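Presented below is the structure to which this report refers.
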Amino acid sequence: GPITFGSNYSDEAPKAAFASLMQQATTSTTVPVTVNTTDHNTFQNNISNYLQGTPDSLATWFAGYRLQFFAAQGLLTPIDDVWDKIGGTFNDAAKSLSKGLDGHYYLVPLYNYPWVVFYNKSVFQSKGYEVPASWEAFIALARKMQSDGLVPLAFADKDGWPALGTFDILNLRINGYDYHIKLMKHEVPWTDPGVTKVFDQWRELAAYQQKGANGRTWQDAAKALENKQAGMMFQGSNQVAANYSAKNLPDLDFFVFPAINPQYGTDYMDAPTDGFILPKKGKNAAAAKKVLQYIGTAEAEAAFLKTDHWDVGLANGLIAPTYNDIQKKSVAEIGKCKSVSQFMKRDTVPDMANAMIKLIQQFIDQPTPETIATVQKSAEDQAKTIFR
C-alpha cells in the first residue's frame, strides 16, 4: 500500500527535510511513501496539467486563489474526514485558508511566516522610540525618525513583488480581509473607492519611505536597516531576518503593521502558508489520507522545521525546540490573527499580481491623485481581460 508524493521541494535543505518527514510519516502510519521531486518552478508552472493527467497520491501546494480554483473545478479530493481528526489542532485562520468556496477542506497546512515591520531593538531603546500600536503613533514615530535624521522606512521595489505587501497591508487595515479577498478575486473592481483609499493612505506613508525604491533591491534596503541607516522595514521574515548576519540577528525585532481602521485592528496579516493537497485523480486515497493526518500534527511540523530558521508551524501552542526568537514571536503574532492572507501573488491570479507590480511602480514614481486614477483604471481594464 505505498503512496507516491508529488513534491516541489527541490532545493537541497527542504528536500532533505521533506524526505526525513516522510520517513517519520511511514514510521507513524506504516504507509510507505515514494517522493517524486520536480524542479520547484516547473512543478507549479505545470500544476493544472499535472492534476488533470496522472498525479501522485498527494502533492505539495499552498493556500490561495489556485487552491480554491482547482477545488471548484473538481480536481481535488475533499478531506473533511482528515479534518475531523486534526481539526482540534488548528485555529480559525488555519481552518479558513484550508477550505474551498464550497466550505469543504482541501488543504492540510504545515507552516507560514510573517509580513511585519522590522526594527533594531538597541536603536529604539537608545533613541527612545516606542512600538506604535496605531497609525497616529506610527506617523508620529516616522516624523521623529526624520527629525532625528533617519530614514524611517527602508524601502525597495526593483524586485517588483516587495511593494505588493504594502498594498496588501493597507487594504487589510482599512477595508478588511473579506474585501481584500473580494478585490483579489475581482468580485470588487479595481476602480472601487476602497482601493482609492488605499493609495491615498499610501500617499501619506510614501513621505516616510526611502527614496529611489524602484532602483533598489530588497537586500540593499534590508542592509540599510541592519546598518542602522533606516529605522524600520516592512517585509517577510524569511527575507529581512534571513538577510541579517548572525552577529546582528539578536538585535532584530518586529511589530505588526499598526491599526488604521479599528474595525479591523491588527486582525489580519499576509502569512503565506504552504501545505498539501489530495489530487482527485491520484491513487490510493485511503492511504493518502492517513499520511495527511500525520502531516496535520505538531510533531510533523517540528520535525520538518528543524533546519528551517524562519517558517513556523500552525499547530496550536507549538513552540519547536529549534525555534529562534524571531520564530517564537512569529508564532505568537500569526496566531493572534482571525484570518491570514497569502500575499498578493498567491491570493489573485499571477497575471493580475504581475499587472499590479508595474502599476505600483508607477504609483511609487508619482504618488499623486492623477496617477492613482490611471493606476485604478489600468488595473481594472487588466482584470476585465484576466477574469473573463
Side-chain angles (χ1 to χ4, degrees), residues 112-157 159 162-166 168-170 172-173 201-202 204-213 216-260 265-266 268-271 309-312 323-337 343:
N112 49 25
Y113 67 89
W115 272 70
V116 291
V117 191
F118 288 95
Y119 70 93
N120 300 305
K121 282 178 306 195
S122 63
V123 169
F124 269 48
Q125 285 150 8
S126 72
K127 321 304 279 83
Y129 300 159
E130 306 288 342
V131 166
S134 59
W135 183 258
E136 176 164 68
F138 181 72
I139 297 300
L141 172 59
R143 289 180 74 80
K144 180 56 184 181
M145 286 174 168
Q146 286 191 330
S147 69
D148 281 345
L150 193 67
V151 169
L153 288 157
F155 187 58
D157 204 33
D159 302 302
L164 303 184
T166 292
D168 290 351
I169 203 56
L170 285 177
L172 293 171
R173 289 285 179 277
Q201 201 79 188
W202 204 332
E204 177 183 19
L205 185 60
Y208 312 103
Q209 303 183 127
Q210 199 177 17
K211 282 158 160 287
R216 181 172 309 101
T217 61
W218 76 259
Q219 293 89 342
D220 285 355
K223 212 179 85 165
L225 178 60
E226 191 180 359
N227 284 163
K228 295 175 171 179
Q229 295 165 342
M232 304 179 288
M233 188 180 165
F234 179 77
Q235 233 180 81
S237 71
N238 69 4
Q239 298 140 33
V240 177
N243 204 249
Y244 263 57
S245 301
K247 276 27 167 273
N248 294 320
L249 186 59
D251 203 30
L252 190 64
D253 209 338
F254 70 79
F255 54 91
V256 301
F257 201 97
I260 303 180
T266 65
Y268 306 122
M269 189 201 299
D270 276 331
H309 302 110
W310 309 109
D311 297 303
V312 294
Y323 288 171
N324 55 44
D325 297 328
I326 291 294
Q327 286 174 296
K328 294 177 187 178
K329 185 200 266 278
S330 296
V331 170
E333 297 298 328
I334 290 173
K336 286 190 293 180
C337 295
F343 198 69

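Side chains are part of it too, since the values below use all heavy atoms of this structure and drop only hydrogens, waters and symmetry mates. One-based numbering along the sequence shown.
By the neighbour-count criterion of 12 heavy atoms within 6.0 Å, atom CD of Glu204 is densely surrounded, having more than that number from other residues, nucleotides or ligands.
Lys329 forms a cation-pi arrangement with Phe254, by the criterion of a distance under 6.0 Å to the ring centre and an angle within 45° of the ring axis.
Looking at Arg173, its side chain does come within 3.5 Å of a backbone N or O of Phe257 through a donor-acceptor pair. The backbone N or O of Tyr208 lies less than 3.5 Å from no partner atom in the side chain of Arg143, so there is not a single donor-acceptor pair. No donor-acceptor distance shorter than 3.5 angstrom exists from the side chain of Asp159 to the backbone of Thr217, with no hydrogens or angles considered. Side chain of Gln210 to backbone of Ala154: no donor-acceptor contact under 3.5 angstrom is found. Side-chain atoms of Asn324 come within 3.5 Å of backbone atoms of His309 as a donor-acceptor pair (strictly under, hydrogens ignored). At least one donor-acceptor pair closer than 3.5 Å links the side chain of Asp251 to the backbone N or O of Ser122. Side-chain N or O atoms of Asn227 include none that pairs as donor or acceptor with a backbone N or O of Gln229 at under 3.5 Å. Checking side-chain atoms of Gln327 against main-chain N and O of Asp311 turns up a donor-acceptor pair under 3.5 Å.
The line from CZ of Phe138 to CD1 of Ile260 is 8.5 Å long, rounded to the nearest 0.5 Å. Rounding to the nearest 0.5 Å gives a distance of 11.5 Å between CG of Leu205 and CD1 of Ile169.
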Next on the checklist: Let's go through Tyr323 and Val331 carefully: what are the C-alpha distance in whole Å and the side-chain angles of both, what is the deciding distance for side-chain contact (heavy atoms from CB on, under 4.5 Å) to 0.1 Å, and is it a yes or a no?
Outcome noted: CA-CA 10 Å; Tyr323 288 171; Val331 170; 3.6 Å; yes

Next on the checklist: Test side-chain contact (heavy atoms from CB on, under 4.5 Å) on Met145 and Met232; report intermediate values, then the result.
Outcome noted: CA-CA 10 Å; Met145 286 174 168; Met232 304 179 288; 3.9 Å; yes

Next on the checklist: Set out, in order, the CA-CA distance, both residues' side-chain angles and the distance that settles side-chain contact (heavy atoms from CB on, under 4.5 Å) for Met233 and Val117, then state yes or no.
Outcome noted: CA-CA 5 Å; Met233 188 180 165; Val117 191; over 6 Å; no

Next on the checklist: Show, in sequence, the C-alpha distance, side-chain angles and deciding distance for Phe255 and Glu333, and conclude whether the side-chain contact (heavy atoms from CB on, under 4.5 Å) test is met.
Outcome noted: CA-CA 9 Å; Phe255 54 91; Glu333 297 298 328; over 6 Å; no

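In this structure, the side chains of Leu252 and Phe118 come closer than 4.5 Å at one or more pairs of heavy atoms. Looking at heavy atoms from C-beta onward, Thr166 lies in side-chain contact with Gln209 at the 4.5 angstrom threshold. Using a 4.5 Å cut-off on side-chain heavy atoms (C-beta onward), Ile334 and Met269 make contact. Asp157 places none of its side-chain heavy atoms less than 4.5 Å from the side chain of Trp218.
In this structure, a donor-acceptor pair under 3.5 Å is present between the side chains of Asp253 and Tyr119. Checking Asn120 against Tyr244 by side-chain atom types alone, a donor-acceptor pair falls below 3.5 Å.
Nearest heavy-atom pair, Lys228 versus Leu150, reported as atom, atom and distance to 0.1 Å: O-CD1, 3.4 Å. Contact detail for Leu225 and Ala230: the closest heavy-atom pair is CD1-O, 3.5 Å. Smallest separation of non-hydrogen atoms from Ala259 and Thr266: N-CG2, 3.9 Å. Closest non-hydrogen pair, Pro258 versus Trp135, comes out as CB-N, 3.8 Å. Between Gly165 and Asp270, the shortest heavy-atom distance links the atoms CA-OD2, 4.4 Å. Nearest heavy atoms, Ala156 versus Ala221: CB-CB, 3.8 Å.
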N/O donor to acceptor pairs below 3.5 angstrom from side-chain atoms of residues 234-243, sequence neighbours left out:
{"unit_1": "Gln239", "atom_1": "OE1", "unit_2": "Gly236", "atom_2": "N", "d": "3.1"}

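Between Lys223 and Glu226 there is no salt bridge, since no side-chain nitrogen of the basic residue lies less than 4.0 Å from a carboxylate oxygen of the acidic one.
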